[PDB]
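Beneath this line is the structure, given in structure tokens, with notes to follow.
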2 protein chains.
Amino acid sequence: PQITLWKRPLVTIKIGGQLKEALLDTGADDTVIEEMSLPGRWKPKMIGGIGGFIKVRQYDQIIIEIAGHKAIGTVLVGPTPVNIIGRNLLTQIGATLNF
Amino acid sequence: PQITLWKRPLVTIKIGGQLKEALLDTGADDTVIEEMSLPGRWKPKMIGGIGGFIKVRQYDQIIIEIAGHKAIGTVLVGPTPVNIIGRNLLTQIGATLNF
Ligand SMILES: CC(C)CN(C[C@@H](O)[C@H](Cc1ccccc1)NC(=O)O[C@H]1CO[C@H]2OCC(F)(F)[C@H]21)S(=O)(=O)c1ccc(N)cc1
Ligand SMILES: [Cl-]
Ligand SMILES: [Cl-]
Ligand SMILES: [Cl-]
Ligand code: NA
């Protein structure tokens, strides 16, 4: 689709068997999701933000479905105020900014 | 143009006759730029992200060029880690997300 930016670009995702709403965020290098369980190994990470950092768990090789499109990549899990789909997974669904 | 997301979507902006680099950020409601001098009065605003909130100065009806496209609108100034072009000005330059 073509998504205008008059409102937040929110979409439905499927991750870990769960449906969630997430923000398509070209200003995010990586994907960050609110606390949930995911399978496999993880390692700690700090991720930056406009106001400072939060501690997250880094899970690699996680499959997500993003508005109907399957991707695989790293997902960070931690106390983000909103679920955000970052560039690491936006590239995989072929998302571009056009003007 | 059509901007892919394998790297950060950084463009040149021009504000107060100065060139700066800024990130095109669909996850930002608001344009926020690092400390600089802007004309006129400002109003207070609170904006929040990963790591919490920052206090910013809101300047309205500021002339800003973004990747060669003219915009005139609200610019927030504060301790953001990078200059961010948010949806309030992305809509003025006709940007959409596409996949
Ligand atoms: C700051 C920017 C360089 C990076 N961020 C992504 C942003 O898109 C962020 C994404 C974001 C969205 C919503 C809440 C938290 C973060 N938006 C944001 O801070 O926008 C602020 C300016 O306008 C307001 O609108 C949303 C806001 F946050 F409120 C304010 S981020 O959230 O800090 C971030 C950093 C690293 C990773 N991997 C993922 C995300
Ligand atoms: Cl990845
Ligand atoms: Cl104040
Ligand atoms: Cl505006
Ligand atoms: Na894994």
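To find a chain, count down the sequence lines: A is the first, B the second, and so on, and within it residues start at 1.
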Chain B neighbours within residues 7-25 of chain A, where any heavy atom lies under 4.5 Å away:
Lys7(A), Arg8(A), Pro9(A), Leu23(A), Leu24(A), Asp25(A)
Honestly curious: do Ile50(A) and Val77(B) fall in one hydrophobic cluster under the side-chain, below-4.5 Å linking rule?
no
One option among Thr91(B), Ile54(B), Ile47(B) has the most heavy-atom pairs under 4.5 Å with chain A, and it is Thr91(B)
Over all heavy atoms of both residues, which pair between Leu5(A) and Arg87(B) is shortest? Give the atoms and the distance, please.
O-NH1, 3.0 Å
Out of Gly51(A), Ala67(A), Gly78(A), which one racks up the most heavy-atom pairs below 4.5 Å with chain B?
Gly51(A)
Count the heavy atoms of every other residue, nucleotide or ligand shown that sit under 6.0 Å from CD1 of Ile72(A), and state whether that count exceeds 12.
yes
Option passing side chain to side chain contact (heavy atoms under 4.5 Å, CB included) with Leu97(B) (candidates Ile3(A), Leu90(A), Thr4(A))
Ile3(A)
Shared hydrophobic cluster for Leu76(B) and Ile62(B) (ILVMFWY, side-chain gaps under 4.5 Å)
no
Can you list the residues that meet the side chain to side chain donor-acceptor pair (under 3.5 Å) rule with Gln92(B), with sequence neighbours excluded?
none
Residue-level interface, residues 33-44 of chain A with chain B, non-hydrogen cut-off under 4.5 Å:
none
Which residue out of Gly94(A), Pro1(A), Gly49(A) racks up the most heavy-atom pairs below 4.5 Å with chain B?
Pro1(A)
For chain B, which residues from residues 79-86 of chain A have at least one heavy atom closer than 4.5 Å to it?
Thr80(A), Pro81(A), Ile84(A)
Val75(B) and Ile93(B): same hydrophobic cluster, using ILVMFWY side-chain contacts below 4.5 Å?
yes
Looking at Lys55(A), I want to see if its NZ is surrounded by more than 12 non-hydrogen atoms of other residues, nucleotides or ligands under 6.0 Å.
no
